[PDB]
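Enquirer: Take this structure, written in structure tokens, and hold onto it; I'll ask about it next.
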Amino acid sequence: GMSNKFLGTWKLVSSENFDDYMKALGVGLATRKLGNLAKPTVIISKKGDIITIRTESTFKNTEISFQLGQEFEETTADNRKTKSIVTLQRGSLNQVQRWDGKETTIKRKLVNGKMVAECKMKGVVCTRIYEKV
Ligand SMILES: CCCCCCCCCCCCCCCC(=O)O
Ligand SMILES: [Cl-]
């Protein structure tokens, strides 16, 4: 399963191309403003086989709980209602969200102790890097 090194409290330290990723998702300017300003905290936890990813920011929280490989309903921070699946590939924790025949991927991997999230929509790529408290 998921490496235990994913578990903990993560703080965003850099973000590349999030505005165009949000545009790709159809997010409007006021909400993009909040997304570009936020320095969220991402807490990854696990109890038995249930993985939880909680995101906290000054103006918005989200939380998902899932089992690997089992599709679940998700309401994203930009209010998309998606069918999502999280899988594990070469130790990368890979989330796919599907809605209205669209899809986006959020792939989270550990690189030299940091968590690197690659977000892709319509081939637009954003990279968000986190360090662990
Ligand atoms: C984090 C909340 C900010 C406020 C609103 C943001 C709305 C855009 C959400 C786009 C999807 C977020 C992808 C985040 C990937 C990650 O965990 O780094
Ligand atoms: Cl914030």
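Easy rule for this one: first residue shown is 1, then count along the chain.
The header says X-ray crystallography, 1.2 Å.
Using N, Cα and C of the backbone, Cβ positions are placed for all residues, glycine too.
In case it helps, Swiss-Prot gives these features for our protein:
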- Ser3: N-acetylserine (MOD_RES)
- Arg108, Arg128, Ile129, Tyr130: hexadecanoate binding site (BINDING)
- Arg108, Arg128, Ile129, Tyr130: (9Z)-octadecenoate binding site (BINDING)
- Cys119-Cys126: disulfide bond (DISULFID)
Enquirer: Using an 8 Å cut-off from the Cβ centroid of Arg108, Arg128, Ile129, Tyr130, can you name the remaining same-chain residues around the (9Z)-octadecenoate site, in sequence order?
Expert: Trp10, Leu12, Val42, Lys114, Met115, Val116, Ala117, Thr127
Enquirer: 10 Å Cβ neighbour count around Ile129 (hexadecanoate binding site)?
Expert: 15
Enquirer: Using Cβ-Cβ distances, find the residues under 8 Å from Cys126 (disulfide bond) that belong to the same chain and are at least 6 apart in sequence, listing them in sequence order.
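Expert: When sequence neighbours closer than 6 are ignored, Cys126 (disulfide bond) has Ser15, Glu16, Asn17, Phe18, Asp20, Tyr21, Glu118, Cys119, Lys120 within Cβ distance under 8 Å.
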Enquirer: List, in residue order, those recorded positions out of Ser3, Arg108, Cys126, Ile129, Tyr130 with a Cβ under 6 Å from any atom belonging to ligand 1.
Expert: none
Enquirer: Looking only at C-alpha atoms, tell me how far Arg108 (hexadecanoate binding site) is from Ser3 (N-acetylserine), rounded to the nearest Å.
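Expert: Per the Cα atoms, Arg108 (hexadecanoate binding site) and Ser3 (N-acetylserine) stand 12 Å apart.
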Enquirer: Could you tell me the maximum Cα-Cα distance in Å between the residues recorded as binding (9Z)-octadecenoate, namely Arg108, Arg128, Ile129, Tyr130, rounded to a whole number?
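Expert: Greatest Cα-Cα span of the listed binding residues: 10 Å.
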Enquirer: If one measures from the C-alpha of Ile129 (hexadecanoate binding site) to the C-alpha of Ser3 (N-acetylserine), what distance in angstrom results, rounded to a whole number?
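Expert: Counting only the Cα atoms, the answer is 18 Å.
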Enquirer: Tell me the Cβ contacts of the residue listed as 'N-acetylserine' under 8 Å, same chain only and six or more apart in sequence, or just say none.
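Expert: Non-local contacts for the residue listed as 'N-acetylserine': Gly91, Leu110.
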Enquirer: If you skip the near sequence neighbours and keep only those at least six away, which residues in the chain come within under 8 angstroms of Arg128 (hexadecanoate binding site), Cβ to Cβ?
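Expert: For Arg128 (hexadecanoate binding site), the qualifying residues are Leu12, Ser14, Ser15, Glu16, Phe18, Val116, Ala117, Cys119.
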Enquirer: Inside 10 Å of the Cβ of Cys119 (disulfide bond), count up the other Cβ atoms and send me the figure.
Expert: 23
Enquirer: Helix, strand or coil: which one is the residue listed as 'N-acetylserine' in, per DSSP?
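Expert: Assignment for the residue listed as 'N-acetylserine' reads coil.
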